[PDB]
Every structure is written in C-alpha cells, then in structure tokens.
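# Examination of the molecular architecture
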Amino acid sequence: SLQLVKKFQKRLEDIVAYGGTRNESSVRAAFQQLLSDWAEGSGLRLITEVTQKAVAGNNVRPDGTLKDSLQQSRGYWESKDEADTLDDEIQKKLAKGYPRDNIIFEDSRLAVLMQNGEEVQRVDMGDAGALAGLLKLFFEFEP
Amino acid sequence: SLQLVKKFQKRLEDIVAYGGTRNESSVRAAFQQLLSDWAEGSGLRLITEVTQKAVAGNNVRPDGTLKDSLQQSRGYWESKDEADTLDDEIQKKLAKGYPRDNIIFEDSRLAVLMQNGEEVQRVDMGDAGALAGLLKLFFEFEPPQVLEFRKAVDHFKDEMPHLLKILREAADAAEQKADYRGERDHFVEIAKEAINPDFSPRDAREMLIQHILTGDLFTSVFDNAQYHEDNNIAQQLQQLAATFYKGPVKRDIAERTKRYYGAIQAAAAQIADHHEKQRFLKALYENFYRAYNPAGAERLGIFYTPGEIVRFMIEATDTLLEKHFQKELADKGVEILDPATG
Amino acid sequence: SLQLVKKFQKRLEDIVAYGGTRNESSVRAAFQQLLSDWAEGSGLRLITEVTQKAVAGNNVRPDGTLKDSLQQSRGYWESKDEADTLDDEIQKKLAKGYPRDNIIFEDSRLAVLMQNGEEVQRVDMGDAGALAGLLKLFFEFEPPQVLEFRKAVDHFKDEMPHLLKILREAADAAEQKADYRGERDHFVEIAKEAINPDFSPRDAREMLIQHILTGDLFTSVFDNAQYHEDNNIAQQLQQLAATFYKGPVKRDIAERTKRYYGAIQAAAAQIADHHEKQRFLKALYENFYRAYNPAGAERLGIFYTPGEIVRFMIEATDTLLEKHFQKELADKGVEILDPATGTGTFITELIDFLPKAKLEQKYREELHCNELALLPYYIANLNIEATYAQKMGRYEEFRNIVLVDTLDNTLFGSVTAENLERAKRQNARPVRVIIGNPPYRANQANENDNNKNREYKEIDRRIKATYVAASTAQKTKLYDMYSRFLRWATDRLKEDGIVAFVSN
Amino acid sequence: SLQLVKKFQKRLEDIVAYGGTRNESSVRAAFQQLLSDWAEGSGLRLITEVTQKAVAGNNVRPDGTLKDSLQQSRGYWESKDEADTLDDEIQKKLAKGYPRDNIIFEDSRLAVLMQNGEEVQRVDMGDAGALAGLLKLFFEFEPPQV
DNA sequence: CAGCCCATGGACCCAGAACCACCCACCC
DNA sequence: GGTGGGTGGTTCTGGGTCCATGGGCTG
DNA sequence: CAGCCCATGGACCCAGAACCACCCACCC
DNA sequence: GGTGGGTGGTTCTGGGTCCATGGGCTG
Ligand SMILES: C[S@@+](CC[C@H](N)C(=O)[O-])C[C@H]1O[C@@H](n2cnc3c(N)ncnc32)[C@H](O)[C@@H]1O
Ligand SMILES: [Ca+2]
Ligand SMILES: [Ca+2]
Ligand SMILES: [Ca+2]
Ligand SMILES: [Ca+2]
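Residues numbered from 1 in each chain as written, not as in the entry; some residues may be left out. Chains lettered and ligands numbered in written order. Part of a larger assembly, values for the part shown. Heavy atoms only, no water.

### Some remarks on the overall build of chain C
A count of helices and strands for chain C gives 23 helices and nine strands. Oriented by its inertia axes, the alpha-carbon framework of chain C measures out at about 80 × 60 × 40 Å. Within the span of chain C, comprising 504 residues, buried residues form 55% of the whole. Surface exposure of chain C reaches about 21,600 Å², of which carbon and sulfur atoms provide 50%. Between the mean site of the 70 positive side-chain charges and the mean site of the 79 negative ones, chain C shows a separation of 2 Å. (Helix = DSSP H or I, 4+ residues; strand = E, 2+ residues; numbered from the N terminus. Buried < 20%, exposed > 50% of the residue type's maximum accessible area, 1.4 Å probe, protein only. Areas by Shrake-Rupley, 256 points an atom, 1.4 Å probe, with all protein chains shown as cover. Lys, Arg positive; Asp, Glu negative; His and termini not counted. Charge placed at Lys NZ, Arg CZ, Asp CG, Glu CD.)

Structure representation (structure tokens):
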C-alpha cells in the first residue's frame, strides 16, 4: 500500500546521509527491498541481476527480475542514477535488447512503466499514493 | 534477534527456489536485507559498494559498508560465491587491502568474522542462533575512535585540577572588576534565599566556575551551544559570566583552557552516540568537586550510580506496580519523581 | 635544514669520544636532539618512550613520537644500536606490532623510513644532503587524517544546495512574523547608503542566510564562536537574525542541517593546522554563491587566487621597494592596502612573510583590508586573526578590515559606525603599496540576464578623463572592473608606491 | 645560563602540552637538553646513561654522566617523576649504590646538588635565578688537584 | 540632441576517452 | 582457470560563441 | 536546664605486588 | 648468542579507625 512506499523513501534518505553517496549502486538497495517485499506479500519475489538473453543474442542484465514459482519471469526492474534525464537512458537500455514486456525504468525522482512497448504511466516517486498506484499495476500485469 | 535471522534462513532457500540461481550477485540480496535491517535499529546503516581506498593507494569495494551518522565506517561485509572456498578467497581479497577492521567474509553456507586481523568465529549459515551471535559481535565492536575517547576521558580527570586553577585565576581576575563585585552580591543573595540559607561568595565563584567550565564543553564536545541561552539558571548565571567573558578577557581564558579542552573536543567529535558523552558527563560531575570542593562533595555525597542497579530497578518497579496496583509504568498518570538526580 | 644534520653528526662523534659509549642508552641521544630541533620548526614535538598499544595489544614503546597540539602522533622513531643489523631487527620489532605508518628505524649508522609498510628512503647516515632530505619528508608526511578533511571538503562542496534549501525555507517562513518583517526593512534602509545603493529585501535575506550558515561553521569547524560576538557587522545582523533564529526554531534548523555539517566537523576536529582548514574557508567562499546567488558571483567576480601568484606578488614588491624607492616591506610607513580582499589570502601570506619582531606594529596599523560581500568579509577577518594566532601568539582582533565599496569610498560603510570610522582612518592613511586581485567582469551573458556592473559615478568619471579620453577606440571596454580598480589604486597612491594587480 | 634556563622552562611545558604525559621517561628530555647545552660552552659534555659501577653491586646506571674530554666522570644527574617524594627517592638511590661525588637530584620543580659527600643548597626549578646559581656549581665544581 | 551607425573582446564546463573494479558466462 | 564482456564509477584532457553597449555622427 | 554521661556505626585509599618492557653486562 | 639485573611503568588487590554528636539524666 502506502506504508512500504514511504519506507523506501526513508531508506534512500539514510543512504545519502550515512554514506553521502547518491550513486545508484548504493541507492538501489532501498528499491530492491521495497520491490522484494511487496512481491513476497503478493506471492512473488525479486531475484536480482539475473542475466536475460535478447532476441539478437545479447546477455542483458536488469537490476531486478520478478520471477515466480515455476522459475519463469513476470517483470524486470532497471534503476538509473538520479543524475541523468531518464527518458534518455530508457532508450539506451532498450537499444541493447532490454525486455519490453513489463519493465520499470526508474530514476530516484521518476518511475516509468513500459508494457509491450508503450509508457503506461510516469509518477513522481515522492508522492506516496501515486507510486503506490504504479507499483500495484506492475505487480498485477498478468500475461 | 533469532527472529530476524529466522527469515534469512528462508529467503536464502527461497531465492534459489523461486528462481534457480546460485551465483553470488543473485543470492547476496538475502544477507543484504538481514544486515541492513538489523542495523536500522543499532543506529548504523549499511551503504553498499563503497569505493573506500586502501594502503598502496588501490581502490577496493566491499559488498557492504556499515556506516554511522558521521559517515565513519564501523564495519565491512563481503560476500563470495558458495563454490569459491571462503577460507582461500579471504586472503586473496585481504591482499588487495580490503579492510581488516571488522570484515564479514560470507559464503552461502559459512560466515567468518575477522576483528583486528583475527578470525573471531566461523559460524555455519544454517543455525539462526550462531549467526545472530556473530552479527551481534560485529555490531558491538568498539571502533578505534571510542578507545581514543576513553583514553582522553582519563586524561581529563588528571588535567582537571590545572584547568580549574586557570578558571580560579579567571574568577579572581573577575573579583577585581567592580561590575563583577556588584553582580556577585545579586547572585550570592539570590541563590542563598532560593537554594540554601548559608550560600557564600566563594560558593557563587565555584558555581560560576562550573557554569563556564561546562559552558565551553557544552558549546563544542556537546555542541549544545543553545542550552546556555534557554535554561532558566543558565541565563541567571550568564550575567556572572559576561562580566569577565568579554573580548580580550574571554579570549585569554578560552585559549588557556584550550590545551585541556582540545583532547576531549576532538574525541567527542568523532563520536556520535550520547552514551559515550554520558561517561564524560559522569566524570565532570565527580572529578570537579574531588579536585575543587571535597567539602561540598561530602555534603552533597557526589557519587554516580551503577547502570545495572538502575536497569534492574526499572524492571522490578514495573513488575511490582503491575502486581499490586495493576498499572503499567507507561500508563498515563503514574508520576515518577527523582529527588536526588545527580 | 642540512645545518641541523651536520650538528647531529658532530653530536654523534661527541658521544663516542667524550663518553666513549657504544650502548643504545647513549649512542641515540644525538638523533633525539636532531628530530627535536627539526620538529619545533614544523609545529610538532618529539616525546620519548610514549607507551603505545600494538595490533596484538602488547604495550610497545617506540623510542619517540611526533605528537601534535591535539596530542595525535604524526610519526615514530626507533633508534637501535650502531652494531646490530637494522633490516633483520626491523622485521623482528615489527612482528611484536611496532608502528608502520611513518617510523624512522635508525641505528646510529643508517636511517630507513618505512612509510605505509614501505621502505622509501634507506639513506646511509653521515650524509651532507639526502639525510636532510629524509628528515624533510618525515616532518612533511600527510597524516591519514588530512586526506579525510580533503574528502569531507568535496562532499560539502556538493551537498551545499540541499543544505542551503533548509536555510532558504527557514527565511521564507520567518517572513510571517512582524518582528522579522519590521527589522528586515530597517536593515535595507541602513544598507541603502553603505554597501549597495540598490539593497533589495532579497539581498537582506541573502546576508541573513550567510550570517547564520557561517556562524555554525565558525563555532565548530574553526572553534571561534566569539568572532561573531565581537565583529561589529555580526552584531548589527543578529539584531535581525535573533528575531527568528530563537529557541525552538533555532534548535529545529540546527538539527535539520546536521546531516550535512556533521562529517566536516568530524574531520576538521582531527586536523590542527589552520593552513589546512583554510582550504574549506576558500571552498565555502566560492561554492555558496554558485549554489545560491550566481548573480552576485558575477559582478563581484568571487574567485580565489592560487597562493603561488600571491607569494610571488609579495616577494616581488619587497624586491622593488629598495630598488626604485628605499625601504623593505617590514619598515615603517609601508602602509599596504588591499582592496578586494576576498578570502584574505593577500594579508594572511603577508603576515607569514613579515618577521616575528616587527610583525606587531605592521599587523596593528599598516595592514589594511576592504570588502563588499558578507561571507568573504567574515572569512577574511577570521583567517587573518587565526594566522596571527599561528604566527605571533595571542589572538588580537584585526581592526583594519571594512565593508565598503572601494570604488565608492571617495557616509560610506555606515552599516556600523565602527566600520565607518575604520574606513575614515584608512582614507586618512598615507598608503604605499596597493596589492590585490580585482574583478575582471565587464558585460552580462545575454540581455535577458539583467546584470550590469554598478556604474561607479565618481570612479568612471576619472576613467573618462584618463583611460577612455586617450583611447579613440570606437567601442569602449575600459570601464572593466579591473580598469576601474586600477584608476582607484593610482589615485590612492600618493608618491613612491608599487601598484601590483593581477588581471585580464 | 639565564636565557638558557629561561628556555628549559619552555620545553618543559612543551613535553606536557604536545605529549600529554608526566611519566619520568618523557619529561627528562628538557633537563637533559639544558645540562648538555650548558656543558658544551664550558667545555664538558653530559653523556646520558653511562652504566657506572658500584662498591657493593654488579653494576648501576645513572641517567646523566658528565664525562670530560679525557673520559673521566666528574658529576652525574638522577631524574625523578613527580609521583615519588624526591627526599625519599634520594635515600633509596644513595643506598643501592649511587655516587655522591657530584650528582643532581632533580624532580621537576625542585632540585638539590648532593656534592662530594654532602648537600649544598636546595633550589626550586621554577625560579630561573635559583636553578642558574646551582647548575653553575655543578659545572664549576672541580676536583682538589685542579 | 537624438536616433543611428560601428565597433571589439568577453573570470568555464562538459562530452568523450581511458581505465578500473567486480562478477558472470564461456571457453580451457 | 583465464577472459572477454556487461554494468558502473572515476579521473583526465581537449577545446571552443554570438552579442553587449558606449562613442562618434549624421541629420 | 544545663552541663554531664552514654552511646554506637562510619558515600575509600593504597602499599605492595606482581609483572612486563626495554636493554646492557655477563655466562654460553 | 643468550639471559638475567636493573630501571621504569602499570595495574591490581587485599584489607582495615578513632570519634562525632543527640538524648537522657541531673544538679
Ligand atoms: C577575486 S575576489 C578577491 C580575491 C582574493 N584575493 C581571494 O583570493 O579571494 C573579488 C572580491 O572583491 C570584493 N570587492 C570589494 N570591493 C569591491 C568593489 N568595489 N567592487 C567589486 N568587488 C569588490 C568582492 O566582494 C569579491 O569577494
Ligand atoms: Ca542500473
Ligand atoms: Ca561481493
Ligand atoms: Ca630501541
Ligand atoms: Ca630516573
């Protein structure tokens, strides 16, 4: 709901204070936890950096890989640094053969959801109620 | 908490089950969660992939870095793959310079705590209890900066008499100013009729020495610089300080006491927890009178209490209140007075 | 210096000639005195048999330790006997846990430095050159703590907007009061005759922010809280700040700004040389404007001048004072003004140049300073007084800095009656050197910027009668702030003077 | 002598201001320097810690041993930490088997010169003029043949 | 005098590129 | 067992624009 | 009542005492 | 080449007094 969403923000604010680093390498840990928990709470998981292979044969590596019990993939997460126009890095990722089924291209400020090939929604990750909406949609997108 | 480790035992298997991966980068998320969550409470936080530099100037990246509010590393975590024999791989990355302060080398089935270049324990990953013990040892390590604070607190006890001698000279130089002599009568008379009917100008000078001693320490090692301009009696003795704490006069006293303050000032800057400051507060409360007014320190019996004595007291008080009056200690209405605070 | 090295070699033979002793208890006394005399020059001191703890814990006892003013060790010394081989016993002593950060293993015949577990200089002793090299390197090693004060300086250089946002929010929410709103409109009036004839309510808000921000750093990073209680300018402004920075509000803002100020004050406490802490004074001076008001950073041209240029510009004026006139910087009558003082690097390096005898008279009434902005003024004053403490002895308020628009000081500096009369005594002085670094700004980015260098009526009038007059250039760019400062400097200079500026 | 004693003071406070210890081992560096410097101009030299023999013993070890240009001991100094009561450290010392031909018993703020079989005068080290007069005699004491 | 011509040099900053650390698939 | 390749971070280093705004002059 | 008699437990220091660390003079 | 005395720090640890001062007699 909204509680876990607020918890993610708290964690990220501690990363940029106890470490001072706003690099994704350290910031991603916050969203990793949020995504992994909403998942277990809705019958799933968030196995991390599982190498996927593209049609062109490129071993891509999303930061996440919502997988389910029979070991199949349902979603993929990819967080970019909070220091770049997001709609530019989305293109670069997809141009390597990145999955287009249900991918959360997320920077620390904005979270974009793509499904099939269209931007379903873009939310300020700060608004608790708004992200709570987008995150729920990603976890409910069934094939 | 075996509770928090209980969940690690499952998330490790779950992450290999709901997705058939075994590689380190995919299975290390479980231990990340465990460490970061336990830390949130202890006061620390785990910042992952910190590019801390090492001896010889090469740059290294532990899997996690337990940092505190002053961005001061207190412990490092590092995870290898289950296949990679932890023992052999430990020395491989120790050569690259990975810190030996408090590093947890952790494979999927075994973990090794290494405090001060020495393997403390090698808990297996299956037992929640053993793992919890290892993690508790890792979380309760006194960093170099608290052994250094502790050394300095001892010196401050030995430097106390000479620092107080300089404060006596400051109060005697004040006793030569007529502005101070007038301000003295107001305080002596006031404190007498308001605290104890036999107050003396020397007791007022001693109280001023406490005010200015605690004042400089409270504005640096405690950094509560506002305390002295919001507390009723702090502002009541602010006139007694200002009289001789002005421009050149203040400078002289401050610089004279700086050689004693400097030691505990630096020490309490690289510390963040109030519990460390509490030791210095107790030392100041006692040593001052022992090295200035032992006559007062018998009429006020200034001695500090054991922590275990008041911890056990607090447990007993709640259980007794909840067996005769059936009320909790936190039940709104139970007023608790502390006559002799100290 | 190599002189001290030769003195040690004369004491080494004296011990084995007068006493004829070859025992460690007596062949090391020479090196003890040598490091001791070098150390007193650097600012540290060698304290013998300091019982230290080892990696195992076993109490070890390096024969000496380079203790600081905060009793921290910058290095160690282990004198052994002339006879025993050093390289074997270096590896046996080290096993018990002896230090390895900066230890000089000596044996009255060979001195080795193992710095960071690394042999850097195995100078065989009895040397008329590289032994002095060894001791120089040892007494100039970088403590592991100075490289963290550097790391924390850069973080703050980049988490300054986030910290400034807190202070910005505070000043907006204070405008709800009628005590703030009333006193911030009297600040504007007093400052519409002193520094900026176009002082806006938003300029008064900027000054308030700087005052508070630097107040918290001056009492912690630099330990000098009494500066703000003595400085005339601070007092005129706390009248305006303790209208909102009070009790609860004061505490709230201070505790919200801690996750930024914390680390800097936890590495600035472990260094104890002001010259290293001056790197932050510079950083704050520039970064603040780039993270808050770049419009000010433009016309004022806020920038720091590298020390090499400054030191050259000081020794060169001294070597010209006897050439064409006849004096020496440390004489009597060499009144050295410096408009545009900024971080104060032009008067701090002068203090270090002047000898430690006549410095008193020069610091008191021959060194003068001039500033327009608040942050530079405060930083410069504090820097000069702290450099005086590091050089002469007891802190003595520098009473020759002012807040006036140099080009307009020809009722100027009326912010405080103190700075007004301070700039009146300055004006009355027969100034002889005009050193400094003027702004080189000239024109705005694009005309939608709205930022022209204030037309200095009095000063540009003589430019028009002198530089512009002769120049028949169709376009006239002689109204540059650098050329305006040059005009002011030539007119302050009476006779026998050396204007030294660095500009476009 | 007077300017020199007035600098032994500076380097005394310096041991405690920089090091932060009052243990004998570290506070002895100030008096060592003073004695050596004074002796240099006069001609002699304080060679520190020259193991000296004893009437009853295997060997003893003073901490100062003025040895002249011809390797002959003509004066000594035994330092003391502030903790010990100097007077009772004297009898403790001159019983084990310590010399009395010329020895300076100095604590840190008071000094005696037990010279050739008897104490001369006891001076405080805080007073420059006092310590000057006494050290002069430690250096102007010459054997009877001279 | 007032529009209307004619100058003339201007206090940085950010994209690549090299390269490095760490781990993963894939030749070995 | 190496190794090249994906992901991300950290230093260097190279390399360069339209347009503001006072004088000089027609008119 | 004042001026003698009768109780009756007391908010810590410290002198060795090991014991070690360094290191020089003597047995190996 | 060991190897104990010999100087110095260091941290334990075992062990133990005369005498204030209110009240109840008390002349
Ligand atoms: C380059 S900085 C000073 C340089 C200084 N040496 C340093 O290293 O920081 C220019 C400074 O001149 C000051 N200043 C003083 N009077 C000024 C004036 N009349 N016009 C422009 N700037 C002035 C500004 O406040 C600004 O901080
Ligand atoms: Ca990423
Ligand atoms: Ca790892
Ligand atoms: Ca040695
Ligand atoms: Ca001694």
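Having seen it, we continue.
### Things to note about the coordination of the calcium ion (ligand 3)
All names here are of chain B. In the first shell of the calcium ion (ligand 3), the protein supplies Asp 63 (OD), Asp 63 (OD), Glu 78 (OE) and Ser 79 (O), at 1.8 to 2.7 Å from the metal. When the donor residues of the calcium ion (ligand 3) are listed from N- to C-terminus, their spacing reads D-x14-E-S. Separated by 15 residues along the polypeptide, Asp 63 in the loop between β1 (45-48) and β2 (64-67) and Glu 78 in strand β3 (residues 73-79) bring together distant segments of the chain. Its relative accessible area of 5% is what places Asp 63 among the buried residues. (Donors = N, O, S within 2.8 Å, 3.2 Å for Na, K, Ca; no water.)

### Overview of the protein's contact with DNA strand G
If you check the shell around DNA strand G, you find 15 residues, and the closest are B:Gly301, C:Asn23, C:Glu24, C:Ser25 and D:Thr51. Looking at DNA strand G alone, sugar and phosphate atoms form 76% of those within 4 Å of the protein. A distance of 2.7 Å is found between a phosphate oxygen of DNA strand G and a backbone nitrogen or oxygen belonging to C:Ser25. (Near = heavy atom within 4 Å. Polar contact = N/O pair within 3.5 Å; in protein donor to acceptor, adjacent residues only side chain to side chain.)

### Quick notes on the interface of chain B and chain A
Across the boundary between the two partners, chain B contributes 26 residues, which contact 25 residues of chain A. For the pairing of chain B and chain A, the buried interface totals around 2,000 Å² over both sides, and the portion due to carbon and sulfur atoms is 49%. Taking the shortest distance from any N to any O, the salt bridge between B:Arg11 and A:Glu40 comes out at 3.8 Å. Counting every contact that joins chain B to chain A gives ten residue pairs in polar contact. (Contact = heavy atoms within 4.5 Å. Buried area = accessible area lost by both parts, 1.4 Å probe. Salt bridge = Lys/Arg side-chain N within 4 Å of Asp/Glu carboxyl O.)

### Details of helix α23 (residues 481-492) of chain C
All names here are of chain C. Here α23 is twelve residues long and its end C-alpha atoms lie 16 Å apart, about the 16 Å a rise of 1.5 Å per residue gives. Counted residue by residue, α23 has nine buried out of twelve residues, so it is predominantly covered. Packed against the buried residues of α23 are β7 (335-337), α20 (417-428), β8 (431-436), α21 (457-465), α22 (467-470) and β9 (500-501). (Expected span 1.5 Å × (residues − 1).)

### Quick look at the packing of helix α16 (residues 307-321) of chain C against helix α17 (residues 345-353) of chain C
Residues and elements named next belong to chain C. Across the interface, α16 lies against α17 with an axial gap of 10 Å and an inter-helix angle of 55°. Classified by the interaxial angle, the pair formed by α16 and α17 is oblique. Seen along the crossing, α16 lies across α17 with a hand that is right-handed. Together, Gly 307, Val 310, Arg 311, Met 313, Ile 314, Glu 315 and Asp 318 of α16 and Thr 345, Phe 346, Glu 349, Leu 350 and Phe 353 of α17 make up the contact between the two elements. (Axes fitted to C-alpha atoms, helices over the stretch in contact; angles between N-to-C directions. Parallel < 35°, antiparallel > 145°, perpendicular 65-115°, else oblique. Left-handed = near helix turned anticlockwise from the far one by under 90°.)

### Concerning the nonpolar core
Residues C:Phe156, C:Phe187, C:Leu213, C:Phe280, C:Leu284 and C:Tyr378 are the most contacted members of the largest nonpolar core, which totals 93 residues. For this core, the leading source of residues is helix α19 (residues 374-391) of chain C, giving nine residues. The residues contacting C:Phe187, other than those within four sequence positions of it, are C:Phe199, C:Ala204, C:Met207, C:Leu237, C:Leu240 and C:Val415. Residues B:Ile166, B:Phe222, B:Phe288 and B:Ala297 belong to the second largest nonpolar core, which totals 46 residues. (Core = buried A, V, L, I, M, F, W, Y, C linked by side-chain atoms within 4.5 Å.)

### Digging into the protein's contact with DNA strand F
The full set close to DNA strand F counts 25 residues, and A:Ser25, A:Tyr98, C:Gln444, C:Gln474 and C:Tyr479 are the nearest of them. Per the 4 Å cut-off to the protein, sugar and phosphate atoms form 82% of the nearby atoms of DNA strand F. At 3.2 Å, a side-chain N or O of A:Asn58 approaches a phosphate oxygen of DNA strand F. A distance of 3.4 Å is found between a phosphate oxygen of DNA strand F and a side-chain nitrogen or oxygen belonging to A:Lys80. The set of elements that each furnish at least two residues to the surface near DNA strand F consists of α2 (24-41) and β3 (59-60) of chain A. Across the surface near DNA strand F, the residue classes tally to four nonpolar, ten polar and eleven charged. (Nonpolar A, V, L, I, M, F, W, Y, C, P; charged D, E, K, R; others polar.)

### Overview of the UniProt feature "binding site: S-adenosyl-L-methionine 1" (unreviewed entry) in chain C
All names here are of chain C. Residues given the UniProt feature "binding site: S-adenosyl-L-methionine 1" (unreviewed entry) here are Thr 305, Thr 343, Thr 345, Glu 371, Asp 405 and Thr 406. Along the chain, the position of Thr 345 falls in helix α17. Non-local contacts of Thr 345, meaning those with residues more than four positions away in its chain, are made with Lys 282 and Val 310. Of the polar contacts made by the side chain of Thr 345, one reaches the side chain of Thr 343; its length is 3.4 Å. Position of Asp 405 among the secondary structure elements: in the loop between α19 and α20. Ignoring any residue separated from it by four or fewer positions in sequence, one finds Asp 405 in contact with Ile 195, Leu 372 and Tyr 456. (UniProt positions renumbered as here; feature names shortened; annotations may be inferred.)

### Remarks on the arrangement of the chains
Ranking the five pairs of chains in contact by contact count places chains A and B at the top. No part of chain A reaches chain D; the closest C-alpha pair between them is 33 Å apart.

### Some thoughts on the interface of chain A and chain C
At the junction of the two partners, chain A supplies five residues and chain C supplies four residues. For the pair chain A and chain C, the summed buried area comes to about 350 Å², and 35% of that belongs to carbon and sulfur atoms. Together, A:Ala17, A:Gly20 and A:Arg22 form the three largest contributors to the area buried by chain A at its contact with chain C, with a combined 80%. Our count for the contact surface shared by chain A and chain C stands at one salt bridge. Between C:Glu159 and A:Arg22 there is a salt bridge, and its shortest N-O distance comes to 2.9 Å. On the surface where chain A and chain C come into contact, there are four residue pairs in polar contact.

### Points about the packing of aromatic side chains
With the rule as written, the count across this model stands at 39 aromatic pairs over all chains. Ring centres of B:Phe31 and B:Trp77 lie 5.6 Å apart, and the angle between their planes is 50°; this geometry places the pair in the tilted category. Of this pair, B:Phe31 sits in helix α2 (residues 24-42) while B:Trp77 sits in strand β3, placing them 46 residues apart in sequence. Centroid distance D:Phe31 to D:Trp77: 5.7 Å. Interplanar angle 80°. Geometry classified as edge-to-face. With D:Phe31 in helix α3 (residues 24-42) and D:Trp77 in strand β3 (residues 76-78), the pair connects residues that are 46 residues apart, well separated along the chain. Across the pair, exposure class does not vary: D:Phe31 and D:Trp77 are buried alike. Through successive ring pairs, a cluster of aromatic residues spans C:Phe156, C:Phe218, C:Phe222, C:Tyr227, C:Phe280, C:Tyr377 and C:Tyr378. The aromatic ring of B:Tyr260 is capped on one face by B:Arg259, whose charged end is 4.8 Å from the ring centroid. Geometry around C:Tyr18 places D:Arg45 over its ring, the cationic atom sitting 4.2 Å from the centre. (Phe/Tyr/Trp six-rings, centres within 6.5 Å; stacked < 30°, edge-to-face > 60°. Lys NZ or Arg CZ within 6 Å of the ring centre and 35° of its normal.)

### A look at the coordination of the calcium ion (ligand 5)
Residues and elements named next belong to chain D. With distances of 1.7 to 3.2 Å, the protein atoms coordinating the calcium ion (ligand 5) are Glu 24 (OE), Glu 24 (OE), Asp 63 (OD), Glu 78 (OE) and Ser 79 (O). In this structure, the calcium ion (ligand 5) is surrounded by six donor atoms whose angles at the metal cover 40 to 159°, and the resulting shape is irregular. All donors of the calcium ion (ligand 5) belong to a single chain; written as a sequence motif, their spacing is E-x38-D-x14-E-S. Given the relative accessible area of 5%, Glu 78 is considered buried. On the basis of relative accessibility, which here comes to 2%, the residue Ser 79 falls in the buried class. (Tetrahedral: all angles 85-135°; square planar, octahedral: opposite > 155°, others 65-115°.)

### Re the UniProt feature "binding site: S-adenosyl-L-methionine 3" (unreviewed entry) in chain C
Residue and element names in this part refer to chain C. Under the feature "binding site: S-adenosyl-L-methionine 3" (unreviewed entry), the UniProt entry names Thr 305, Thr 343, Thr 345, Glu 371, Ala 373, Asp 405, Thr 406, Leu 407 and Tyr 456. For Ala 373, the location among the structural elements is in the loop between α18 (359-365) and α19. Owing to a relative accessible area of 10%, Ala 373 belongs among the buried residues under this scheme. When neighbours within four sequence positions are excluded, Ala 373 is seen to be in contact with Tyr 289, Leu 300 and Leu 403.

### Things to note about the side chain of C:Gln115
Residue and element names in this part refer to chain C. With respect to the helices and strands, the residue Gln 115 is situated in the loop between β5 (111-114) and β6 (119-121). The exposure class assigned to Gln 115 is buried, which follows from its relative accessible area of 16%. In contact with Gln 115, other than residues within four places in its own chain, are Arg 100, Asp 101, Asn 102, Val 120 and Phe 141.

### A few points about the pattern of salt bridges
Here the structure, examined in full by the defined rule, presents 77 salt bridges over all chains. Put simply, C:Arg122 and C:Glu119 hold a salt bridge, and the shortest N to O gap is 3.3 Å. C:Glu119 gets classed as buried once you look at its relative accessible area, which sits at 18%. Between D:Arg28 and D:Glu49 there is a salt bridge, with the nearest N and O atoms lying 3.2 Å from each other. Remark: D:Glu49 occurs in the loop between β1 (46-47) and β2 (65-66) and D:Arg28 occurs in helix α3; sequence separation between them is 21 residues. Note on D:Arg28: relative accessible area 19%, which makes it buried. Here the residues in one salt-bridge network are A:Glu40, A:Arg45, B:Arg11 and B:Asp14, joined through shared partners.

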